[PDB]
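J.: What follows is a single structure, and I will ask about it in a moment.
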Amino acid sequence: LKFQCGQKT
Amino acid sequence: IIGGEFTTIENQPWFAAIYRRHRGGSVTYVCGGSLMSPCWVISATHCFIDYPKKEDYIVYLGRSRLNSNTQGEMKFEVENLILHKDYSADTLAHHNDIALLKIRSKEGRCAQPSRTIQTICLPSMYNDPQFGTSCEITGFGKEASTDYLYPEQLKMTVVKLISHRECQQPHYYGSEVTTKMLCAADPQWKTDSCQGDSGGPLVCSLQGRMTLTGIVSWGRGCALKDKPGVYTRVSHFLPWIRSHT
């Protein structure tokens, strides 16, 4: 959606 | 990477592949990088030092392979190439080995968030994990220092951070390592970063986040006993990054 630094999905 | 496992970009979605175009039709891989914010990628200066012509590099995000496509990948041009002033190289180390690449897509945009494209976090001022922490490095570098080609699939491995005291021991690197560098090795010297991995990230968890603690910079050989991999200490460059981003 928007960037969330550090997250993997 | 020596040892490691093969992965896909979903596991490192902030990793950037930097290639160079040649007046001949071929594009070759140069070094790896990481996405800090939608338009900025960070890597190492020594990766550009010899041919600082921004117009000749291409940056891909969302890429699990080296020369074949991955669906969901994005290609960019380097709108700005910022290398470090004070960058030095000696008979081993590279000092101030950090670089910034501002990217622009052929439509006027920066990176867009997906399952294969995400940013990585920066530490806070001079804040690092304690030596011992296991961090992971990723990239398309060599799998043996004697090979002459790079792998086609992305790889990753986990290595641990060691202290400067340990890395500056005479039989390691002496005073070639400075406080603006960090050393990381495998206790049993089995896996390590290698040529072709430069510019790529050393990620560790810090205060709960997956943070970019180091940038692959140099090392004697690859996975050599008492020859740790040396990385740029990102937490010490925050002011520099900031004045440009």
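J.: Is the stretch B:140-245 best put as rounded, prolate or oblate by its Cα gyration tensor, with a ≥ b ≥ c the root eigenvalues, rounded for a/c under 1.5, and otherwise prolate when a/b is larger than b/c, oblate when not?
T.: Since a/c reaches 1.5 but b/c is at least a/b, the shape of the stretch B:140-245 is classed as oblate.
J.: Starting with the fewest neighbours, write out B:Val158, B:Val41 ranked by other beta-carbon atoms found within 10 Å of each beta-carbon.
T.: Exposure proxy ranking, most exposed first: B:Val158, B:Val41.
J.: Work out, step by step, the length gained on full extension between B:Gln153 and B:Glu79: first 0.36 nm times the residue separation, then minus their alpha carbon distance; give nm to one decimal.
T.: Full extension of this stretch gives 23.9 nm more.
J.: To continue, here is another question. For the peptides B:100-111, B:190-201, B:123-134, what is the packing order when you average, over each peptide's residues, the other Cβ atoms within 10 Å and list the highest mean first?
T.: By packing density, highest mean first, the sequence is B:190-201, B:100-111, B:123-134.
J.: Cα centroid distance between the stretch B:179-244 and the stretch B:84-162, in Å?
T.: That distance is 8 Å.
J.: On a full-extension model of 0.36 nm per residue, what is the gain between B:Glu5 and B:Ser243, subtracting their alpha-carbon distance, rounded to one decimal in nm?
T.: Length gained, B:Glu5 through B:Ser243: 82.0 nm.
J.: Could you name the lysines in cross-link range of B:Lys190, using Cα to Cα under 23 Å and dropping any fewer than eight places away on the same chain?
T.: B:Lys142, B:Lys155, B:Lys160, B:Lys225, B:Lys227
J.: So, one more: Among B:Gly208, B:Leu61, B:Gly3, flag the residue with its Cα farthest along the positive direction of the charge dipole of the protein assembly as shown, charges on Cβ as +1 for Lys/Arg and -1 for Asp/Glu.
T.: B:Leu61
J.: Sort the protein assembly as shown into rounded, prolate or oblate with this rule: let a ≥ b ≥ c be the square roots of the eigenvalues of the Cα gyration tensor; rounded if a/c is under 1.5, and if a/c is not under 1.5, prolate when a/b is larger than b/c, oblate otherwise.
T.: Rounded, since a/c falls under 1.5.
Each reported figure results from applying straightforward, stated rules to the coordinates on display, with no laboratory input. Cβ: placed from backbone, ideal geometry, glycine included. Neighbour counts: every protein chain shown.
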